[PDB]
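Content type JSON, N, CA and C atoms, from the file start_5.json:
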```
[["chain", "number", "residue", "atom", "x", "y", "z"],
["A", 65, "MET", "N", 196.34, 235.73, 49.27],
["A", 65, "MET", "CA", 197.08, 235.20, 48.14],
["A", 65, "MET", "C", 197.47, 236.37, 47.25],
["A", 66, "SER", "N", 198.60, 236.25, 46.56],
["A", 66, "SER", "CA", 199.06, 237.23, 45.54],
["A", 66, "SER", "C", 199.57, 238.57, 46.15],
["A", 67, "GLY", "N", 198.80, 239.11, 47.06],
["A", 67, "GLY", "CA", 199.11, 240.39, 47.64],
["A", 67, "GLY", "C", 198.25, 241.43, 47.00],
["A", 68, "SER", "N", 196.98, 241.11, 46.89],
["A", 68, "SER", "CA", 196.01, 241.94, 46.23],
["A", 68, "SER", "C", 195.79, 243.26, 46.98],
["A", 69, "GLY", "N", 195.64, 244.33, 46.22],
["A", 69, "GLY", "CA", 195.33, 245.61, 46.79],
["A", 69, "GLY", "C", 193.87, 245.66, 47.15],
["A", 70, "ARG", "N", 193.56, 245.21, 48.35],
["A", 70, "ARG", "CA", 192.20, 245.05, 48.85],
["A", 70, "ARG", "C", 191.47, 244.03, 48.03],
["A", 71, "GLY", "N", 191.86, 242.78, 48.19],
["A", 71, "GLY", "CA", 191.20, 241.70, 47.52],
["A", 71, "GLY", "C", 189.82, 241.53, 48.07],
["A", 72, "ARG", "N", 189.71, 241.73, 49.38],
["A", 72, "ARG", "CA", 188.45, 241.69, 50.12],
["A", 72, "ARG", "C", 187.85, 240.29, 50.15],
["A", 73, "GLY", "N", 186.70, 240.18, 50.77],
["A", 73, "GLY", "CA", 186.05, 238.92, 50.90],
["A", 73, "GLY", "C", 184.95, 238.99, 51.92],
["A", 74, "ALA", "N", 183.81, 239.44, 51.50],
["A", 74, "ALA", "CA", 182.66, 239.55, 52.35],
["A", 74, "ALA", "C", 181.45, 239.02, 51.61],
["A", 75, "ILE", "N", 180.91, 237.97, 52.13],
["A", 75, "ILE", "CA", 179.76, 237.34, 51.56],
["A", 75, "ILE", "C", 178.66, 237.48, 52.56],
["A", 76, "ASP", "N", 177.45, 237.63, 52.11],
["A", 76, "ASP", "CA", 176.33, 237.68, 53.01],
["A", 76, "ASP", "C", 175.84, 236.31, 53.35],
["A", 77, "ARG", "N", 176.67, 235.68, 54.13],
["A", 77, "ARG", "CA", 176.57, 234.39, 54.73],
["A", 77, "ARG", "C", 177.81, 234.24, 55.51],
["A", 78, "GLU", "N", 177.77, 233.49, 56.56],
["A", 78, "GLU", "CA", 178.89, 233.40, 57.43],
["A", 78, "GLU", "C", 180.00, 232.54, 56.82],
["A", 79, "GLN", "N", 181.12, 233.18, 56.57],
["A", 79, "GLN", "CA", 182.26, 232.53, 55.97],
["A", 79, "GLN", "C", 183.42, 232.44, 56.95],
["A", 80, "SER", "N", 183.40, 233.25, 58.00],
["A", 80, "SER", "CA", 184.55, 233.40, 58.91],
["A", 80, "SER", "C", 184.99, 232.06, 59.53],
["A", 81, "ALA", "N", 184.02, 231.27, 59.97],
["A", 81, "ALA", "CA", 184.31, 229.96, 60.56],
["A", 81, "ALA", "C", 184.95, 229.04, 59.52],
["A", 82, "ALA", "N", 184.42, 229.11, 58.31],
["A", 82, "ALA", "CA", 184.88, 228.30, 57.21],
["A", 82, "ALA", "C", 186.27, 228.70, 56.78],
["A", 83, "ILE", "N", 186.56, 230.01, 56.82],
["A", 83, "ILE", "CA", 187.89, 230.51, 56.48],
["A", 83, "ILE", "C", 188.91, 229.91, 57.44],
["A", 84, "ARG", "N", 188.57, 229.88, 58.72],
["A", 84, "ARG", "CA", 189.45, 229.32, 59.74],
["A", 84, "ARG", "C", 189.66, 227.83, 59.52],
["A", 85, "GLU", "N", 188.58, 227.12, 59.23],
["A", 85, "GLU", "CA", 188.65, 225.68, 59.00],
["A", 85, "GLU", "C", 189.39, 225.35, 57.71],
["A", 86, "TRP", "N", 189.16, 226.13, 56.68],
["A", 86, "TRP", "CA", 189.86, 225.99, 55.41],
["A", 86, "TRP", "C", 191.36, 226.26, 55.62],
["A", 87, "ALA", "N", 191.65, 227.25, 56.43],
["A", 87, "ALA", "CA", 193.00, 227.59, 56.79],
["A", 87, "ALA", "C", 193.66, 226.43, 57.52],
["A", 88, "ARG", "N", 192.96, 225.90, 58.52],
["A", 88, "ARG", "CA", 193.43, 224.73, 59.29],
["A", 88, "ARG", "C", 193.61, 223.52, 58.37],
["A", 89, "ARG", "N", 192.67, 223.35, 57.46],
["A", 89, "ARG", "CA", 192.68, 222.28, 56.45],
["A", 89, "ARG", "C", 193.93, 222.38, 55.56],
["A", 90, "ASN", "N", 194.31, 223.59, 55.23],
["A", 90, "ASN", "CA", 195.50, 223.81, 54.42],
["A", 90, "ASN", "C", 196.76, 223.87, 55.25],
["A", 91, "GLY", "N", 196.60, 224.07, 56.53],
["A", 91, "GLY", "CA", 197.73, 224.11, 57.42],
["A", 91, "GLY", "C", 198.32, 225.50, 57.51],
["A", 92, "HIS", "N", 197.47, 226.49, 57.40],
["A", 92, "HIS", "CA", 197.91, 227.88, 57.46],
["A", 92, "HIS", "C", 198.07, 228.30, 58.90],
["A", 93, "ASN", "N", 198.74, 229.40, 59.11],
["A", 93, "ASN", "CA", 198.99, 229.88, 60.43],
["A", 93, "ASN", "C", 197.86, 230.79, 60.88],
["A", 94, "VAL", "N", 196.78, 230.15, 61.26],
["A", 94, "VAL", "CA", 195.58, 230.76, 61.78],
["A", 94, "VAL", "C", 195.19, 229.89, 62.96],
["A", 95, "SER", "N", 194.51, 230.47, 63.97],
["A", 95, "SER", "CA", 194.13, 229.79, 65.23],
["A", 95, "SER", "C", 195.32, 229.75, 66.18],
["A", 96, "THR", "N", 196.47, 229.51, 65.62],
["A", 96, "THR", "CA", 197.71, 229.55, 66.32],
["A", 96, "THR", "C", 198.22, 231.00, 66.30],
["A", 97, "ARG", "N", 197.58, 231.78, 65.46],
["A", 97, "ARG", "CA", 197.83, 233.18, 65.29],
["A", 97, "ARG", "C", 196.52, 233.89, 65.54],
["A", 98, "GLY", "N", 196.60, 235.08, 66.07],
["A", 98, "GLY", "CA", 195.41, 235.84, 66.37],
["A", 98, "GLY", "C", 194.81, 236.45, 65.13],
["A", 99, "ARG", "N", 193.50, 236.69, 65.17],
["A", 99, "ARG", "CA", 192.72, 237.22, 64.04],
["A", 99, "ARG", "C", 192.72, 236.26, 62.86],
["A", 100, "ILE", "N", 192.17, 236.72, 61.78],
["A", 100, "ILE", "CA", 192.21, 236.02, 60.54],
["A", 100, "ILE", "C", 192.95, 236.93, 59.57],
["A", 101, "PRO", "N", 194.07, 236.48, 59.01],
["A", 101, "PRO", "CA", 194.81, 237.26, 58.01],
["A", 101, "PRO", "C", 193.94, 237.58, 56.81],
["A", 102, "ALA", "N", 193.89, 238.85, 56.45],
["A", 102, "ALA", "CA", 193.12, 239.32, 55.31],
["A", 102, "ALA", "C", 193.61, 238.66, 54.04],
["A", 103, "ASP", "N", 194.91, 238.39, 54.00],
["A", 103, "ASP", "CA", 195.53, 237.69, 52.89],
["A", 103, "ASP", "C", 195.03, 236.25, 52.83],
["A", 104, "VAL", "N", 194.74, 235.69, 53.99],
["A", 104, "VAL", "CA", 194.18, 234.34, 54.08],
["A", 104, "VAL", "C", 192.72, 234.33, 53.62],
["A", 105, "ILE", "N", 191.99, 235.37, 53.99],
["A", 105, "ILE", "CA", 190.60, 235.54, 53.56],
["A", 105, "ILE", "C", 190.56, 235.65, 52.04],
["A", 106, "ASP", "N", 191.45, 236.46, 51.52],
["A", 106, "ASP", "CA", 191.62, 236.66, 50.09],
["A", 106, "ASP", "C", 192.00, 235.35, 49.42],
["A", 107, "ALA", "N", 192.85, 234.60, 50.08],
["A", 107, "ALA", "CA", 193.29, 233.30, 49.60],
["A", 107, "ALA", "C", 192.11, 232.34, 49.55],
["A", 108, "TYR", "N", 191.31, 232.36, 50.59],
["A", 108, "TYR", "CA", 190.10, 231.54, 50.71],
["A", 108, "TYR", "C", 189.14, 231.83, 49.56],
["A", 109, "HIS", "N", 189.00, 233.09, 49.26],
["A", 109, "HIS", "CA", 188.14, 233.52, 48.20],
["A", 109, "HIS", "C", 188.71, 233.21, 46.82],
["A", 110, "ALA", "N", 190.00, 233.39, 46.66],
["A", 110, "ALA", "CA", 190.66, 233.12, 45.39],
["A", 110, "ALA", "C", 190.76, 231.62, 45.11],
["A", 111, "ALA", "N", 190.94, 230.84, 46.16],
["A", 111, "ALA", "CA", 191.10, 229.40, 46.04],
["A", 111, "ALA", "C", 189.82, 228.72, 45.64],
["A", 112, "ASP", "N", 189.84, 228.14, 44.48],
["A", 112, "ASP", "CA", 188.74, 227.39, 43.96],
["A", 112, "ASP", "C", 189.09, 225.93, 43.99]]
```

Write the structure described by the file as structure tokens, please.
Amino acid sequence: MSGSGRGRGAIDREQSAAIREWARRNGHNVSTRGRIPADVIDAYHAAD
């Protein structure tokens, strides 16, 4: 989201699966696209 200069998103708990599901939940282009977009990770973290 936004286009943050290294927004990052690393929690010491597994978030990667949830990022993908949250992405799917929002209808983002993940799973249909390879990897997880860092911008999507950032979006996941920014999205409250």

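Rounded to one decimal, atom N of residue 78 in chain A and atom N of residue 66 in chain A lie 23.3 Å from each other.
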
>> Report as an NGL selection string all protein, DNA and RNA residues lying within 8 Å of range 82-94 of chain A, evaluated on only N, CA and C atoms, omitting residues in the same chain fewer than 3 positions from it.
In response: :A and (78-79 or 97-101 or 104-105 or 108-109)

Keeping only N, CA and C atoms, take the residues you just selected and write them out as an mmCIF file, in the coordinates of the input.
```
data_model
loop_
_atom_site.group_PDB
_atom_site.id
_atom_site.type_symbol
_atom_site.label_atom_id
_atom_site.label_comp_id
_atom_site.auth_asym_id
_atom_site.auth_seq_id
_atom_site.Cartn_x
_atom_site.Cartn_y
_atom_site.Cartn_z
ATOM 1 N N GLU A 78 177.770 233.490 56.560
ATOM 2 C CA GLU A 78 178.890 233.400 57.430
ATOM 3 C C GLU A 78 180.000 232.540 56.820
ATOM 4 N N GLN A 79 181.120 233.180 56.570
ATOM 5 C CA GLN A 79 182.260 232.530 55.970
ATOM 6 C C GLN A 79 183.420 232.440 56.950
ATOM 7 N N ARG A 97 197.580 231.780 65.460
ATOM 8 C CA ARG A 97 197.830 233.180 65.290
ATOM 9 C C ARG A 97 196.520 233.890 65.540
ATOM 10 N N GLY A 98 196.600 235.080 66.070
ATOM 11 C CA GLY A 98 195.410 235.840 66.370
ATOM 12 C C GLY A 98 194.810 236.450 65.130
ATOM 13 N N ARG A 99 193.500 236.690 65.170
ATOM 14 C CA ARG A 99 192.720 237.220 64.040
ATOM 15 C C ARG A 99 192.720 236.260 62.860
ATOM 16 N N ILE A 100 192.170 236.720 61.780
ATOM 17 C CA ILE A 100 192.210 236.020 60.540
ATOM 18 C C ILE A 100 192.950 236.930 59.570
ATOM 19 N N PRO A 101 194.070 236.480 59.010
ATOM 20 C CA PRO A 101 194.810 237.260 58.010
ATOM 21 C C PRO A 101 193.940 237.580 56.810
ATOM 22 N N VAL A 104 194.740 235.690 53.990
ATOM 23 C CA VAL A 104 194.180 234.340 54.080
ATOM 24 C C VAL A 104 192.720 234.330 53.620
ATOM 25 N N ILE A 105 191.990 235.370 53.990
ATOM 26 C CA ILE A 105 190.600 235.540 53.560
ATOM 27 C C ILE A 105 190.560 235.650 52.040
ATOM 28 N N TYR A 108 191.310 232.360 50.590
ATOM 29 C CA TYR A 108 190.100 231.540 50.710
ATOM 30 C C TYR A 108 189.140 231.830 49.560
ATOM 31 N N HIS A 109 189.000 233.090 49.260
ATOM 32 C CA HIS A 109 188.140 233.520 48.200
ATOM 33 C C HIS A 109 188.710 233.210 46.820
#
```

> So which bits of chain A end up alpha helix (DSSP H) when you DSSP the backbone, as a ChimeraX atom specification?
Replying inline: /A:80-90,102-110

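Atom C of residue 110 in chain A to atom N of residue 65 in chain A spans 8.1 Å [interatomic distance, one decimal].
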
> Is there a way to get, as a PyMOL selection string, all residues within 6 Å of the point (187.9, 239.3, 53.0) in file coordinates, counting only C-alpha atoms?
Replying inline: chain A and resi 72-74+102+105-106

For the residues selected in the previous step, produce a file with N, CA and C atoms as a PDB file, in the coordinates of the input.
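Done, and the output landed in part-v6.pdb:
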```pdb
ATOM      1  N   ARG A  72     189.710 241.730  49.380  1.00  0.00           N
ATOM      2  CA  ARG A  72     188.450 241.690  50.120  1.00  0.00           C
ATOM      3  C   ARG A  72     187.850 240.290  50.150  1.00  0.00           C
ATOM      4  N   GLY A  73     186.700 240.180  50.770  1.00  0.00           N
ATOM      5  CA  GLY A  73     186.050 238.920  50.900  1.00  0.00           C
ATOM      6  C   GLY A  73     184.950 238.990  51.920  1.00  0.00           C
ATOM      7  N   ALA A  74     183.810 239.440  51.500  1.00  0.00           N
ATOM      8  CA  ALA A  74     182.660 239.550  52.350  1.00  0.00           C
ATOM      9  C   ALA A  74     181.450 239.020  51.610  1.00  0.00           C
ATOM     10  N   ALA A 102     193.890 238.850  56.450  1.00  0.00           N
ATOM     11  CA  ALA A 102     193.120 239.320  55.310  1.00  0.00           C
ATOM     12  C   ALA A 102     193.610 238.660  54.040  1.00  0.00           C
ATOM     13  N   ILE A 105     191.990 235.370  53.990  1.00  0.00           N
ATOM     14  CA  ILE A 105     190.600 235.540  53.560  1.00  0.00           C
ATOM     15  C   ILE A 105     190.560 235.650  52.040  1.00  0.00           C
ATOM     16  N   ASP A 106     191.450 236.460  51.520  1.00  0.00           N
ATOM     17  CA  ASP A 106     191.620 236.660  50.090  1.00  0.00           C
ATOM     18  C   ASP A 106     192.000 235.350  49.420  1.00  0.00           C
TER      19      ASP A 106
END
```

> Mind pulling up the distance from atom N of residue 80 in chain A to atom N of residue 103 in chain A?
Replying inline: 13.2 Å
